[PDB]
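Trainee: coordinates only, sequence not included:
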Ligand SMILES: NS(=O)(=O)c1cc(Cl)c(Cl)c(S(N)(=O)=O)c1
Ligand SMILES: [Zn+2]
């Protein structure tokens, strides 16, 4: 009875195996744009993906992860609310069964069609495994996806999904440039949170971009053709793998813009 997004193993059930699910700094959260306060103490956000080196893509049973080689000082996120440097390890998405839902964070209660998460770990902790055990161990850059014009830089990801339809399947995914998934503006909201999937560790500094990227209906439709199940099992379409907004618990969401 592994965790998932279904009626009997979904978000409302996670707290049983992962008590922290009802913690003080859980993610995602609704971003109230009027309550978010501009913070002039925020340094410019720095996204350096020029040397990013992807290794492969994997269907983990709830979504798919595009993993990167993080053994060297490449693809780093710094600045903004961050102290030190965070290294890119993987990215994945959360999406819905319909265009009207799919994102984890919401803006003034608005739900986007999907959400891209670029996960980075704080280099001062040596590696990802140790980083997740720290309050400031990870920095996740969140980007909203809306349905409209196609995102050229996403097509390579979309075309390889046919090869990792079911749980446990993986495939070589080299030379993918994450820069092609970034919107024009780096304006963002930031707050202290957690992993949005079990183990739900509260080790994340969330940086959510205000500007969404546009992807075509055809692109997101291919996301929905993935399977939650493994090869040779009853087909359960991989859709609605998002966790709903959690209590803000007095935390304050800071904005990098006015
Ligand atoms: N289990 S996972 O690979 O989906 C996953 C792993 C990690 Cl480390 C993080 Cl931060 C996230 S998230 N949704 O960005 O909080 C998801
Ligand atoms: Zn995520």
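Mentor: Nice, thanks for sending it over. Numbers count the residues shown, from 1 in each chain. Ligands and ions are numbered 1, 2, ... in the order given.
Trainee: run a quick neighbour tally on the closest residue to residue 34 other than its chain neighbours.
Mentor: Excluding the flanking residues, the one nearest residue 34 by Cβ to Cβ, 6 or more residues apart in numbering is residue 108, at 7.7 Å. (C-beta placed from N, C-alpha, C; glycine too.) Per other Cβ atoms under 10 Å, the neighbour tally for residue 108 reads 10.
Trainee: ok, residue 108 to ligand 1 distance?
Mentor: Taking Cβ to the nearest ligand atom, to the nearest Å as the measure, residue 108 falls 21 Å from ligand 1.
Trainee: my read is that that residue contacts residue 35, right?
Mentor: No. Using Cβ atoms under 8 Å as the test, residue 108 is too far from residue 35 to be in contact (9.8 Å).
Trainee: give me the contact list for stretch 161-172.
Mentor: Outside stretch 161-172, the residues within contact range by Cβ atoms under 8 Å, 6 or more residues apart in numbering are 55-61, 64, 160, 222-223, 225-231, 233.
Trainee: same question for stretch 229-244: list its buried residues.
Mentor: 229, 238-243 (16 or more other Cβ atoms under 10 Å).
Trainee: what's the answer for stretch 178-186, then?
Mentor: 178, 181-183, 186.
Trainee: cool, stretch 144-163 as well?
Mentor: 144-147, 151, 153-158, 160-161.
Trainee: turn those residues into CSV, including secondary structure.
Mentor: What follows is these, written out as CSV (DSSP: H, G, I helix; E, B strand; the rest coil):
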residue, secondary structure
144, strand
145, strand
146, strand
147, strand
151, coil
153, helix
154, helix
155, helix
156, helix
157, helix
158, helix
160, helix
161, helix
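Trainee: nearest to residue 134, of the buried residues of stretch 229-244?
Mentor: residue 243 (21.7 Å; Cβ to Cβ).
Trainee: for ligand 1, what are the nearby residues on the stretch 101-250 of the chain?
Mentor: For the stretch 101-250 of the chain, the residues found near ligand 1 under the criterion Cβ under 6 Å from any ligand atom are 117, 119, 138, 140, 195-197, 204.
Trainee: quick check: phi and psi at residue 182.
Mentor: phi -90, psi 140 (degrees, to the nearest 10).
Trainee: which residues does it contact?
Mentor: Per Cβ under 8 Å, 6+ apart, neighbours of residue 182: 47, 143, 213.
Trainee: mind listing the helices for the chain?
Mentor: Here the chain has its helices, by DSSP state H, at 14-17, 128-131, 155-160, 217-223.
Trainee: those: which one's closest to residue 190?
Mentor: helix 128-131 (17.9 Å).
Trainee: nearest to ligand 1: which residue in the stretch 1-150 of the chain?
Mentor: For the stretch 1-150 of the chain, the residue closest to ligand 1 is residue 117, as judged by Cβ to the nearest ligand atom, at 3.7 Å.
Trainee: burial check on that residue, number of neighbours?
Mentor: Here the number of neighbours of residue 117 (other Cβ under 10 Å) works out to 24.
Trainee: need the contact list for it.
Mentor: Residue 117 touches 91-94, 140-143, 196, counting by Cβ under 8 Å, 6+ apart.
Trainee: would TSV of the residues you listed with neighbour count be doable?
Mentor: Output for those, formatted as TSV (neighbours: other Cβ atoms under 10 Å):
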residue	neighbour count
91	25
92	20
93	24
94	26
140	23
141	25
142	23
143	24
196	25
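Trainee: closest one of those residues to residue 23?
Mentor: Using Cβ to Cβ, residue 196 comes nearest to residue 23 of those, at 12.4 Å.
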